[PDB]
Amino acid sequence: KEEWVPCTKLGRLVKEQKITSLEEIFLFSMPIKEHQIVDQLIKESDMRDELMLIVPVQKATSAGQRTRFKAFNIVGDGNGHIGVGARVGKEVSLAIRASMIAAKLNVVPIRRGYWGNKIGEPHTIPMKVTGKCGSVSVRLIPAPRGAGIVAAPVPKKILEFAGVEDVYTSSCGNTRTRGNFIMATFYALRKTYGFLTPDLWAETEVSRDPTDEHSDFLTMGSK
Amino acid sequence: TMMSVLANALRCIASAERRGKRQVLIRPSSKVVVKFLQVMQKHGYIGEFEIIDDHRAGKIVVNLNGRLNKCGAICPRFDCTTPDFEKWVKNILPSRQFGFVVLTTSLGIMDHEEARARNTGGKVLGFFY
Amino acid sequence: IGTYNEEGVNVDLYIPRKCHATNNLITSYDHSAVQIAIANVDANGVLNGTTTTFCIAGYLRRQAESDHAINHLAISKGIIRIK
Amino acid sequence: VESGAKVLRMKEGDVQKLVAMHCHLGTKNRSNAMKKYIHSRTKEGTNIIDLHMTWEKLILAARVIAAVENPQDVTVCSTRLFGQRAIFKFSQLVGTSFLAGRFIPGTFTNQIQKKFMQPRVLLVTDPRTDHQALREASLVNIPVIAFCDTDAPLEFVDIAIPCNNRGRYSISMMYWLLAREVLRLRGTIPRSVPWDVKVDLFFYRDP
Amino acid sequence: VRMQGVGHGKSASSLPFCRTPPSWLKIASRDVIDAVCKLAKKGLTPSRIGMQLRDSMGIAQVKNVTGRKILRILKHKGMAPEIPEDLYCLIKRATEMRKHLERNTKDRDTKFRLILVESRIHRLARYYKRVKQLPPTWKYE
Amino acid sequence: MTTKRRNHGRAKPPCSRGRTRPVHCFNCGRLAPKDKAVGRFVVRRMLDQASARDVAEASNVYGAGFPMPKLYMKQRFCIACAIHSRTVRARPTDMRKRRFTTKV
Amino acid sequence: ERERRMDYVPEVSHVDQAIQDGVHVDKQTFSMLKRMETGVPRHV
RNA sequence: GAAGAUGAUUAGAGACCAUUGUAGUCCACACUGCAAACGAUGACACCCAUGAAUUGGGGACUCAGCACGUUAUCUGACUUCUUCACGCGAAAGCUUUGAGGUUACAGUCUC
RNA sequence: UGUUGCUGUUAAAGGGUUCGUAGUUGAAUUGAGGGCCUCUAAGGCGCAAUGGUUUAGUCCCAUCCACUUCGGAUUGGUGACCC
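Chains as they are written, first to last, in the deposited numbering: chain d, 37 to 259; chain e, 2 to 130; chain g, 4 to 86; chain f, 4 to 210; chain R, 2 to 142; chain T, 1 to 104; chain k, 132 to 175.
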């Protein structure tokens, strides 16, 4: 792109070789405020960007009416990183460009476990999870190997992104409003790490934030 | 009134756990409620518990380490069997890996895992994650 | 620690942090889950350097249970004195 | 702390100051979450704060600001005149950043703004009306330390120092004690001497 | 919950946590027994026997200072009533309501109360003929 | 349908009474429950200030001699009644929830 | 800004601490002090 | 005061309004059981946080070893936070006083 | 049509209330035992011994006296406690 100037601590570190992966940023909870943080760390040839929806919205005005376009982006790596944008712009290309920014901010990692057969690398979600936006709520159920992605084409996409290849699913409520279904499905795949399991606990040690360690070089950064 | 002793106990535990509280009080006591707690304390989900004596009915008190996520009760005590371990373990639990259903048998009170091992089914009791 | 294979090899992207107070997994999603680092002190008022660490969850600032738990954590490690 | 020689412990003259300038008291109203801090109630109806409790809170917050090796990342904030002065004198010594007068929204979250900053830590004079600050500390992963009136809520306050924020002489004392002890642990001013400059410098005066 | 109609109360009497007799009670089983039976000959119900005893003699419980409680005493000496306390009381109250209603047929309250008291007595009756303590041909009227 | 008002425009709480006596209006004669009805207390003068002077001149035992009495009344109005003389008015959401108790 | 000169030799600091200037305070405050490890300071 | 009568109002008007007036409005004894009979929230039971009040009881000469008030505590009722915590709900809203503890779906009964 | 797995404040849907039989559902107690030997198997908020000049401490004491926020002093001291 055009030449870039970080206004973020993280941004500086990422432009240097200090933070070299998403993991570091995630592990000590910090918000991503610049999409350029994603592009630098995760190289292109792993990232994919699809537009799940583009639709007109209308706002009422006396006589003629102004119009706009909502759209969704979806983004991520098949290595277990996903992130869903949605944004609004008064023209087509506007809302498109805007979506992809927001999407790369909202990126979250994915835990994949097993069904109770352990071979290779994860093919299955570690547990049942649910996510809800509007009246729709999705129930992701873990499936045995070779099941394939058993869901509708709308979530099939969203699951392919997140590296889940074996699942069984069902939805509830009004599912024929597209937008609500997307957000729902995504909140599901978050909830994995949000749930405490015996395998994880051992009172795993914490250490200093990248920010703190690199404080000196951020001071120098400011200059 | 209460028509299941277990239901009265394990809705105090679940609520308390969702608020992160590190001890809970339990109004009644039974021989049954003891055994249920015992299981989970072995597998590491409870620190300790005390039974206190009022010489009418006891008041259990438990120390939560926050390692639980739910403790349920299967109220009608439906019949589960050697094939039908599979059925329950899928349907009410989020996993087959760390889901624990607890059952009653003539032998005693035990996990499904140990039930299969000794090859006796029975009537279900409760469950936890 | 973490998910393994039958070959014993870790499959996880990361192993999330512990909130010492509730022993619950701190998510990446929670940005109210702050890591408080206090610097220890010895005789003659010399800092040992930052050594100890606390981690608080983002579910403890939605009703401000934070302060309460920090005290029980601290007092146990002899950092805060009680009479 | 330990091992240690009873270091950074309350003393004769320390107490003598606090009592005098009336920061040992709280606000009159009963607490909404700070009930534990209160020690009894007077026959004036004003809730006294326990001294030992307050003292340990202060030492704690010293350990926090001691653990930032680039003090400018910590912020101080007042929205009250009585703390205004004491901020400026503190930001000289300890070297902290500050904003005083009034908090401006989006100084910790809004990218397009030249008053934008990312703190490591945040302080406040009153969590009640500095509240905007706290709610933008929440979403940036910034811990908080506040000077809590007994009445005041503790929402989005990680660590809390019980305090009286009524009148000049109350607030000045607290900043003075922090600043003192902080500089005793960093740059090693000894506790052998009484500290170099006075609390009268931290009193609001009007220009 | 109150059996019939609204009510939640917690007014109750507890127990001692010491089931062995006090040091200031040096009285033997026999003295206690004698006192009970003596009082009973006035026509007092067990409820007022216990009250007289506890207040005057400092008795913690009858059950604590004798091996048995008040009815068991009476039964064994053949002074026990053949109509249980709880039943008798209700029947008295009942009849008195029926007096008032005989005069006042405009009274709404005491009518509804009598309906309650009736069915309550019936519940008692039914109980005590399962658990034999009345004849199996007993009926309120 | 929608619960516009929690107390339903009443000073009557749920699950207590369910019946409070009707009361006439001093405007149109409309009846409404006492709790619904809109109370005010008037304190109406028996003389204007302008006329008070003129009468207190001719008085010797009154006016200066004793302070003038006032006609006191309670006024219970209907809803429609109140609104039309604009002594109660529509308010925004935040304000509708406010009360001033029984004090003026 | 520099019209503010607050430099005075003790002044309000040690006066408030009482050279013999006195401090008097509630009896609840007294009770608290004497049960502290420090105990009461002079002039209170 | 329905019905009825008369006068207006109106293009038309027992209309809404005004003056009247029967049944009815009241009581006793019989029927009727038809309401937005609403909290549009079935009954019993458990768990569940913030603040300030009110209503009863309890606790620390002459209807009179009394009555009221204040501080603090408790049990039982009605409700407010117009700073009600978690959570739930499509939203409005609901919050120990649930529509909360429910896709992690099972306390009990009934319509 | 929701037993597994439905909904009923406002969307179709809690009966005006209470009593009450069939029917459905119903609290706690009887109690599931022990010892000696090996095993560095663990923990120890038990403990005789004996170790440790600040090669680690705090109370007491010494010297100052500092009106009040200095200290150090050695064998200190079966003291306290630590490997």
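For each residue, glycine too, the CB sits at the ideal point set by N, CA and C.
Selection from the options that minimises the alpha carbon distance to residue i
i: d/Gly121; options: d/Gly152, d/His250, d/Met88 and d/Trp151; result: d/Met88
i: e/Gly100; options: e/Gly127, e/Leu7 and e/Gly67; result: e/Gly127
i: e/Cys76; options: e/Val25, e/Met3 and e/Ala8; result: e/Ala8
i: g/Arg65; options: g/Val37, g/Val14, g/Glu10 and g/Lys21; result: g/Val37
i: k/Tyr139; options: f/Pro193, f/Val202, f/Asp209 and f/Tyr207; result: f/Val202
i: residue 252 of chain f; options: f/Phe119, f/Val4 and f/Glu158; result: Outside the shown range of chain f (4 to 210) lies residue 252 of chain f, about which nothing can therefore be said.
i: g/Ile29; options: g/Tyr62, g/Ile39 and g/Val49; result: g/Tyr62
i: T/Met73; options: T/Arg53, T/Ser85, T/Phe66 and T/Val43; result: T/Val43
Supposed close pair residue i, residue j - CB separation, criterion 8 Å
i: f/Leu96; j: f/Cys80; result: That belief does not hold up - the Cβ atoms of f/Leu96 and f/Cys80 are roughly 17 Å apart, past 8 Å.
i: f/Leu54; j: k/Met163; result: 7 Å
i: d/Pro246; j: d/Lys54; result: 7 Å
i: d/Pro42; j: d/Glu70; result: 7 Å
i: e/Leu65; j: e/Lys22; result: 7 Å
i: f/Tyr207; j: f/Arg105; result: Not quite, the Cβ-Cβ distance comes to about 16 Å (not below 8 Å), so this is no contact.
i: d/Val144; j: g/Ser31; result: 6 Å
Residue i, DSSP secondary structure in three states
i: f/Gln19; result: helix
i: d/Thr221; result: helix
i: d/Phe253; result: helix
i: e/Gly73; result: strand
i: R/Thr21; result: coil
i: f/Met24; result: coil
i: f/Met37; result: coil
i: d/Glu80; result: coil
i: d/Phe64; result: coil
i: R/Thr67; result: coil
i: f/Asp161; result: coil
i: f/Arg105; result: coil
i: d/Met88; result: strand
i: f/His42; result: strand
i: e/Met111; result: strand
Chain g contact for residue i (CB, 8 Å cutoff)
i: f/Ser141; result: yes
i: d/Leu130; result: no
i: d/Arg226; result: yes
i: f/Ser6; result: yes
i: d/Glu157; result: yes
Residue-chain proximity (residue i, chain d), Cβ-Cβ < 8 Å
i: f/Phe111; result: no
i: f/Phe119; result: yes
i: f/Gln135; result: no
i: g/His34; result: yes
Test: residue i CB closer than 8 Å to a CB of chain e
i: d/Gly230; result: no
i: d/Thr160; result: no
is_contact[residue i, chain k] using C-beta, thresh 8 Å
i: f/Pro210; result: yes
i: residue 1 of chain f; result: Nothing can be reported for residue 1 of chain f, as the shown portion of chain f is limited to 4 through 210.
i: f/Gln19; result: yes
Proximity test, Cβ basis, 8 Å: residue i and chain f
i: d/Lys54; result: no
i: g/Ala60; result: no
i: g/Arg64; result: yes
i: d/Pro67; result: yes
i: g/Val14; result: no
**Study point:** Near-chain d residues of the segment 91 to 102 of chain e - C-beta to any C-beta below 7 Å
**Key:** Listed by position, the residues of the segment 91 to 102 of chain e near chain d (Cβ gap below 7 Å) are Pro95, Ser96, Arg97, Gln98 and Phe99.
**Study point:** Residues of the segment 60 to 90 of chain e whose Cβ lies closer than 9 Å to any Cβ of chain d, in chain order
**Key:** Going along the segment 60 to 90 of chain e in chain order, one finds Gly67, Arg68, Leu69 and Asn70 with a Cβ nearer than 9 Å to chain d.
Review point. The segment 196 to 208 of chain f: which residues have C-beta closer than 9 Å to a C-beta of chain k, in chain order?
Key: For the segment 196 to 208 of chain f, the residues whose beta carbon sits under 9 Å from a beta carbon of chain k are, in order, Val200, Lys201, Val202, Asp203, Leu204, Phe205, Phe206 and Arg208.
Point to revise | Near-chain g residues of the segment 12 to 23 of chain e (beta-carbon distance less than 7 Å), N- to C-terminal order | key: Taking 7 Å as the Cβ-Cβ cut-off against chain g, the residues of the segment 12 to 23 of chain e that qualify are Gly21.
Check your understanding: According to a CB-to-CB cut-off of less than 9 Å, which residues of the segment 150 to 167 of chain k neighbour chain f?
Key -> Those would be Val154, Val156, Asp157, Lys158, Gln159, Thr160, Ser162, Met163, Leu164 and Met167, in chain order.
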